[PDB]
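Asker: Handing you this structure, nothing more for now.
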There are 4 protein chains.
Amino acid sequence: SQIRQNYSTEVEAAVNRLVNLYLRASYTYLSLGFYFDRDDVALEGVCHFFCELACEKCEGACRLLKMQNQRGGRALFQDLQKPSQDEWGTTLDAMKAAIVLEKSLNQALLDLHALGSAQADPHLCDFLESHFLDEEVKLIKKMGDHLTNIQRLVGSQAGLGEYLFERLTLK
Amino acid sequence: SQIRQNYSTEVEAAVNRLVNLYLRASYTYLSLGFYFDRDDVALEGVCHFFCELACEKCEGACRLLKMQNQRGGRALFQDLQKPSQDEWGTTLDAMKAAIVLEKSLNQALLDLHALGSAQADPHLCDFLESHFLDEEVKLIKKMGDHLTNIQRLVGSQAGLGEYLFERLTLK
Amino acid sequence: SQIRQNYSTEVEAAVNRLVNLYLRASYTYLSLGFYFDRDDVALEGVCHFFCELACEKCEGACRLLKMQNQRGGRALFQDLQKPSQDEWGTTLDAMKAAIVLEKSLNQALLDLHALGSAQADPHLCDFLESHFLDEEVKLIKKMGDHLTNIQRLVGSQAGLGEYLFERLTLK
Amino acid sequence: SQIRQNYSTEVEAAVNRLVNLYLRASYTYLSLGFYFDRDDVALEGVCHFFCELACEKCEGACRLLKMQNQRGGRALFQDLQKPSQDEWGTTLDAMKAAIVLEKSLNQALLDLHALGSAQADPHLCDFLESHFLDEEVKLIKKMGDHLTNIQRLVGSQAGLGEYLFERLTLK
Ligand SMILES: [Cl-]
Ligand SMILES: [Cl-]
Ligand SMILES: [Cl-]
Ligand SMILES: [Cl-]
């Protein structure tokens, strides 16, 4: 590489693995989105929430791939595993699966940051802090707020609660 | 006819029968609309949903009658049967009767398309695909989404659910 | 299904397979796009052409998934195979791989249309004609025009030709 | 100093050396700019590219000097060595000398970041990440893209290639 400088093979490979994780997350959210569009599920605000997250995760993948080429690394794509479920249950089940997925992405970001720290790669550490770590903390906080509101609404009238959350929060 | 070309007597008669079905559907929705305007029913969003569908079905009838004259067929009107009920029950009952009515219209459209295919009438087949078959699929999907949301809201507090659906979805 | 009408299990499964093909094509074009962004390839107009096609194929996947739910079918996602190459060669090599990929998508569309014809599913046949078959013919024609111009420019000065095509056609 | 806090003498001196490096780089690019303005070189887009970089490096010097005073360090200026050549050859030669110069600046930035890490100076580490390390990665990537395009255009008609790159990329 004519440009590569202070860019370890370890970080280059970890960045490719992180792109895979972000594209798998995007695929998971595409499945969640279309599940909530089923005529027998029919929660449009939940459809929109997850389709928006499919787009945001594809953006994170593309940002990583841009940075890989800016550093002189080589993008390598792997197969994208299908999402973990075909049917996603209630909005509560879906939001629980989403926060588990985002905690796994956050841990992957923190692991890559630690690798960049170990490799003395301050551009990598800046890139993640600037475009990923705060976005991920913000999203996980929003999902926790949603989980608490969804849980508050179950009580003994779960259908009513699920409708109201979709109508009055995800509108 | 100076203009008629590739237009079977079978399709001409089936088009007149379809006009009757669309005008009967329009009449059914006029009855549903005014039922939800009763002072002892009083669900304005449900009134508006069905009155809108009365207008849409009259538009479909008029589109068919325009096409009948464009092809050189002769419009023939029959008596319009009164709607199947005088009182329509709950919003759930009404939406169930609506989806049954729309499935019957869709089947009539598919039967006419099959006749046009059998008669090698590609203008007829184009006309239905372009102005009816996707509109009908879209409407039946919307009605299924509404049925699922209405059913979710019954639980043990049916009046509350019926109010909320009218206020928060059909607004 | 409360809504499903005239929608075969055969078409439902073929639509899921077509979604997989479109998402694999989108992934292939994401790889092509980022290959042309490498500092040792550096053809921005070729980057933009393929990244645009990644977006267009994701749109086709999403249109199919929307239609699957409008018909009352169930979206089912499979693993997404990685693209067929890690490195894509010259713009000529890349455009040849793209036209092969688009001919394979077109054949899949034609196969699904034939299935819908065999199943007497005119909504499916309309949907494909309206949103896919002409878009695919148009794209394959554009790729053929590009292949001819790329081939005209090789002569004995291939680097010069590859630069000029990127600067003067894909600008 | 009434203001100085957590600011090592080692970082203060390294910042003065980095200012010298940035002003020497600015001087080098002023020479490159005016070389491409010679009547017997006459490549205006190459003139503009290097004169723009002379301005950008002077901006980096001024940013460093501002930060030195914000931290309570004392700016110290040294003689500015003349650029390494009087005549810069072809656009390829010039772009090769530029990427070598920028790799040397990047290494100086990384060395200063490592010093700030060793001295536990997070303001310094933030300052460099925020205003220098990504700008430098971006510039080196652009220069690599240019080198690849310049090299593609040499073939057996070097004058033609050099003209075309200036006209169609550096316009
Ligand atoms: Cl799997
Ligand atoms: Cl009667
Ligand atoms: Cl594979
Ligand atoms: Cl000297």
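Quick reminder, even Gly has a Cβ in these numbers, built from the backbone with ideal geometry, and neighbours come from all protein chains shown. Each reported figure results from applying straightforward, stated rules to the coordinates on display, with no laboratory input.
Asker: Which residue is nearest to ligand 3 (Cβ to nearest atom), if the candidates are limited to the stretch A:75-89 and must be within 21 Å of A:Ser8 (Cβ to Cβ) and crowded, with 19+ Cβ neighbours inside 10 Å?
Answerer: Applying the filter and picking the extreme gives A:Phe77.
Asker: Considering the stretch B:132-171 alone, what residues qualify as being β-branched (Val, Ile, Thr) and facing another protein chain (nearest Cβ under 7 Å)?
Answerer: Result: B:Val137, B:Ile140, B:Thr148.
Asker: Going by what's in this entry, would A:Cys62 be described as within 14 Å of chain B (Cβ to nearest Cβ) and over 12 Å from the mean Cα position of the chain (by Cα)?
Answerer: no
Asker: Okay, moving on. What's the number of the condition D:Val15 fails, among (1) touching a helix residue (DSSP H, G or I) at 6+ places or on another chain (Cβ under 6 Å); (2) over 17 Å from D:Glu87 (Cβ atoms); (3) surrounded by fewer than 19 Cβ atoms within 10 Å (Cβ to Cβ)?
Answerer: (3)
Asker: Next up: Just to check your reading of the model, which residue among C:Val46, C:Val41, C:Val11 is of a type in the set (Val, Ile, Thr) and over 23 Å from C:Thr169 (Cβ atoms)?
Answerer: It is C:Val11.
Asker: For A:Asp40, state whether it is assigned to a loop (DSSP other than H, G, I, E, B) and within 14 Å of chain B (Cβ to nearest Cβ).
Answerer: For A:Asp40, the condition - assigned to a loop (DSSP other than H, G, I, E, B) and within 14 Å of chain B (Cβ to nearest Cβ) - is met.
Asker: State which residue pairs qualify: first residue in contact (Cβ under 8 Å) with a residue 40 or more places away in the chain and part of a loop (DSSP other than H, G, I, E, B) and inside the stretch A:70-88, second residue of a type in the set (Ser, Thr, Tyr) and within 12 Å of ligand 1 (Cβ to nearest atom) in any location, beta carbons under 7 Å apart, and separation of 6 or more residues or different chains.
Answerer: Pairs found: A:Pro83/A:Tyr27; A:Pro83/A:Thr28.
Asker: Determine whether the stretch C:82-96 contains at least one residue that is of a type outside the set (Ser, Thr, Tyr), within 26 Å of C:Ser130 (Cβ to Cβ) and either over 14 Å from the mean Cα position of the chain (by Cα) or away from ligand 1 (no atom under 16 Å from the Cβ) (or both).
Answerer: Within the stretch C:82-96, none of the residues are of a type outside the set (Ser, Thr, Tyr), within 26 Å of C:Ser130 (Cβ to Cβ) and either over 14 Å from the mean Cα position of the chain (by Cα) or away from ligand 1 (no atom under 16 Å from the Cβ) (or both).
Asker: Answer yes if at least one residue in the stretch D:58-69 is within 25 Å of D:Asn16 (Cβ to Cβ) and basic (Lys, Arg), and no otherwise.
Answerer: yes
Asker: Among the residues of the stretch D:120-131, are any assigned to a loop (DSSP other than H, G, I, E, B), within 14 Å of another protein chain (Cβ to nearest Cβ), surrounded by 14 or more Cβ atoms within 10 Å (Cβ to Cβ) and in contact (Cβ under 8 Å) with a residue 40 or more places away in the chain?
Answerer: Looking through the stretch D:120-131, at least one residue is assigned to a loop (DSSP other than H, G, I, E, B), within 14 Å of another protein chain (Cβ to nearest Cβ), surrounded by 14 or more Cβ atoms within 10 Å (Cβ to Cβ) and in contact (Cβ under 8 Å) with a residue 40 or more places away in the chain.
Asker: Something else: Within the stretch B:155-171, can you find the residues that are surrounded by fewer than 17 Cβ atoms within 10 Å (Cβ to Cβ) and assigned to a helix (DSSP H, G or I)?
Answerer: Correct list: B:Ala158, B:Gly159, B:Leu160, B:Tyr163, B:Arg167.
Asker: Here is a further query. Got a sec? Which of D:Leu101, D:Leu112 is touching a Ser or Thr at 6+ places or on another chain (Cβ under 8 Å), away from chain C (no Cβ under 14 Å) and under 24 Å from A:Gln2 (Cα atoms)?
Answerer: Matching residue, one of D:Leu101, D:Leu112: D:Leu101.
Asker: Is it true that A:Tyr7 is hydroxyl-bearing (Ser, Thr, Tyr), in contact with a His (Cβ under 9 Å, 6 or more places away or on another chain), more than 9 Å from every other protein chain (Cβ to nearest Cβ) and in contact (Cβ under 8 Å) with a residue 40 or more places away in the chain?
Answerer: yes
Asker: If you go through the stretch A:40-61 one residue at a time, how many are without any contact (Cβ under 8 Å) to a residue 12 or more places away in the chain and buried (at least 19 other Cβ atoms within 10 Å of the Cβ)?
Answerer: 2
Asker: Also, I was wondering about something else. Considering only the stretch C:107-149, state which residues are more than 18 Å from C:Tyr22 (Cβ to Cβ) and acidic (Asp, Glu).
Answerer: C:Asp121, C:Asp126, C:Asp145
Asker: Here's another thing I want to ask about it. Is it true that A:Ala54 is out of contact with any strand residue (DSSP E or B) (no Cβ under 9 Å at 6 or more places or on another chain), more than 14 Å from chain B (Cβ to nearest Cβ), under 26 Å from B:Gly144 (Cβ atoms) and not β-branched (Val, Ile, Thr)?
Answerer: yes
Asker: Can you confirm whether B:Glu102 is part of a helix (DSSP H, G or I) and of a type in the set (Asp, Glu)?
Answerer: Spelling it out, B:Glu102 is indeed part of a helix (DSSP H, G or I) and of a type in the set (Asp, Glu).
Asker: Condition test on D:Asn20, is it over 30 Å from D:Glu162 (Cα atoms) and either of a type in the set (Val, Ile, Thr) or crowded, with 16+ Cβ neighbours inside 10 Å (or both)?
Answerer: Yes.
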